[PDB]
Amino acid sequence: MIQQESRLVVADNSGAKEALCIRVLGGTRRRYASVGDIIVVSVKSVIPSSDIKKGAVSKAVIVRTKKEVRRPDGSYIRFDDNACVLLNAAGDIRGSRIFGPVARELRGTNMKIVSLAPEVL
RNA sequence: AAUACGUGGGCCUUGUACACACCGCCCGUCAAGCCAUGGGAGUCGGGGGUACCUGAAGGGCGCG
């Protein structure tokens with residue numbers, strides 16, 4: 001459950017550390033985004049000598065949600081943070097590593113290259 | 001014919017920042033062209049220090 005002005009951890013090896021959600025894409029008055037949803041972000045903090053600049057508007061895919069997500073088999077998963085991965089214009093990973101676990105729902109989001117993740121839960 | 005003869009050159013000394021020689025040299029501002037370098041709301045880095053919190057391996061100390 002991520003909305004406009006929510007702050008997310010950036011869970012890849014690109015320069016960004018924190019991001020701010022500008023917009024949830026997908027329709028008029030679409031309020032919330034969950035794992036596997038695409039959002040627009042503004043980069044809030046970077047590491048020194050970062051490829052991406054502070055204040056850069058970018059796209060991202062949500063990979064971890066504090067609010068729990070329901071699976072059709074009656075199971076639920078929730079994480080301790082809210083984390084996203086930045087994307088380029090083509091819709092591909094901007095970086096090369098993924099830090100922390102990612103949700104299993106990302107397999108079906110045509111986002112298979114996040115198989116860089118240490119563990120898919 | 002008239003009319004009074006007293007008010008630019010040479011010699012000696014002196015100063016010189018001139019020696020094409022005072023029709024000389026020469027300062028400073030404004031304007032023009034290149035070069036280097038100061039101040040500045042801020043903003044971006046680099047490694048070191050202090051304190052705190054976490055904390056591997058391997059010894060020590062009493063499965064911690």
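Here is the naming used below: chain letters follow the sequence lines, and residue numbers restart at 1 for every chain.
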Undergrad: Evaluate the side-chain proximity of A:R94 to A:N13: yes if any heavy-atom separation is below 4.5 Å, no if none is.
TA: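 With C-beta onward as the side chain, the pair stays apart.
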
Undergrad: Check the distance between B:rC44's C1' and A:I52's CD1 and give it to me in whole angstrom.
TA: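 Going from A:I52 (CD1) to B:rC44 (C1'), I get 17 Å.
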
Undergrad: Suppose you measure atom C1' in B:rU7 against the same atom in B:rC11; what distance do you get, rounded to whole Å?
TA: 22 Å

Undergrad: Just wondering, do A:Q4 and A:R31 contact through their side chains at under 4.5 Å, heavy atoms?
TA: no

Undergrad: For the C1' atoms, the ones on B:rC26 and on B:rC18, what distance do you get once it is rounded to whole angstrom?
TA: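 B:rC26 and B:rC18 have their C1' atoms separated by 11 Å.
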
Undergrad: Sign of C1'-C2'-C3'-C4' decides it: give me the sugar pucker of B:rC35, north or south.
TA: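 North pucker for B:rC35.
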
Undergrad: Rounded to whole angstrom, note down the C1' distance from B:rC44 over to B:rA36.
TA: 25 Å

Undergrad: When the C1' atoms of B:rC25 and B:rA17 are considered, how many whole Å apart are they?
TA: 8 Å

Undergrad: Please classify the sugar of B:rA17 as north or south using the torsion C1'-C2'-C3'-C4'.
TA: south

Undergrad: Could you state the CG-P distance from A:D51 to B:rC44, rounded to the nearest angstrom?
TA: 17 Å

Undergrad: May I ask whether A:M1 and A:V69 are part of the same hydrophobic cluster, defined by side-chain heavy atoms of I, L, V, M, F, W, Y residues being less than 4.5 angstrom apart, directly or through others?
TA: no

Undergrad: Using the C1' atom on both, measure B:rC23 against B:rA19 and round to a whole Å.
TA: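 It works out to 16 Å between them.
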
Undergrad: Based on whether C1'-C2'-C3'-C4' is positive or negative, which pucker family does B:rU7 belong to?
TA: south

Undergrad: What is the separation between atom NZ on A:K53 and atom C1' on B:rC44, rounded to the nearest whole Å?
TA: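 Atom NZ in A:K53 sits about 10 Å away from atom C1' in B:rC44.
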
Undergrad: Going by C1'-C2'-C3'-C4', which side is B:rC53 on: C3'-endo/north or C2'-endo/south?
TA: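 It's north.
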
Undergrad: For B:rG55, does the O4'-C1'-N9-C4 or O4'-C1'-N1-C2 angle fall within 90° of 0, making it syn, or is it anti?
TA: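 Base orientation relative to the sugar is anti.
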
Undergrad: So, are A:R30 and A:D37 salt-bridged, with charged N and O less than 4.0 Å apart?
TA: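 Yes, this pair counts.
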
Undergrad: Say whether A:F99 and A:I47 are linked into one hydrophobic cluster, either directly or through other cluster members, by side-chain heavy-atom distances under 4.5 angstrom.
TA: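 No, A:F99 does not connect to A:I47 through the hydrophobic network.
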
Undergrad: Check for me whether B:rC5 stacks on B:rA4 (ring centroids under 5.5 Å, interplanar angle under 30°).
TA: yes

Undergrad: Give me syn or anti for B:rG59, where syn covers glycosidic angles within 90 degrees of 0.
TA: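 B:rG59: syn glycosidic orientation.
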
Undergrad: Give me the distance, rounded to whole Å, that separates B:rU16 from B:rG9 when you measure between the P atoms they each carry.
TA: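 My reading of the P atoms in B:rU16 and B:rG9 gives 26 Å.
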
Undergrad: Hey, does the base of B:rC11 sit stacked on B:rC12, as in ring centres below 5.5 Å and plane angle below 30°?
TA: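 The answer, once centre distance and plane angle are checked, is that they stack.
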
Undergrad: Positive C1'-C2'-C3'-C4' counts as north, negative as south. Which one applies to B:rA19?
TA: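 South, since the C1'-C2'-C3'-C4' torsion of B:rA19 has a negative sign.
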
